[PDB]
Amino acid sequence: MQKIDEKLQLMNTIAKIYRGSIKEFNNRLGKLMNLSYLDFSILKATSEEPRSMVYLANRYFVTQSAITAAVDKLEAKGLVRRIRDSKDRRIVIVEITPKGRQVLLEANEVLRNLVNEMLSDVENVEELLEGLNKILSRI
């Protein structure tokens, strides 16, 4: 286990964390709010400002098909709506609705407490955050 192997192990561990955490995330949000983790991500990004479908797939590393499927349900629930870009009606834009903003607050609370509960004794979060952000940019 020299350094050459440490980076791959870093990725092996990240893989496990995602698989394990996503199951918990989807279970919690699914049973309490009938939402998925991706649903939460879309609501968060659009709460910032309207986002195109391409922007969403790009930011969350999912296929446009995955984004479209998620948005279909979110829009049906009245949490977001699709509108055309007013400067290029060729682009589909996702805008959050007032109801969506309210649901996001609740979903954020659910996920934040869940993660806080689980990682209560984890220190050096800030440093881990910078390391992970850099890794993501290199991916």
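Start at 1 with the first residue shown and count on from there.
J.: Higher mean Cα B-factor in the deposited model: 87-95 or 38-46?
T.: Looking at the record's C-alpha B-factors, the answer is 87-95.
J.: Between 49-57 and 65-73, which has the higher average C-alpha B-factor in the PDB entry?
T.: Of 65-73 and 49-57, the stretch with the higher C-alpha B-factor average is 65-73.
J.: What third of its chain's C-alpha B-factors does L129 belong to: lowest, middle or highest?
T.: Ranked within chain, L129 CA B lands in the highest tercile.
J.: When the modelled residues of the chain are sorted by Cα temperature factor, does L8 land in the lowest, middle or highest third?
T.: It falls in the bottom third of the chain.
J.: According to the PDB entry, is the CA B factor of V115 in the bottom, middle or top third of its chain, that is, lowest, middle or highest?
T.: Its C-alpha B-factor belongs to the middle third of this chain's values.
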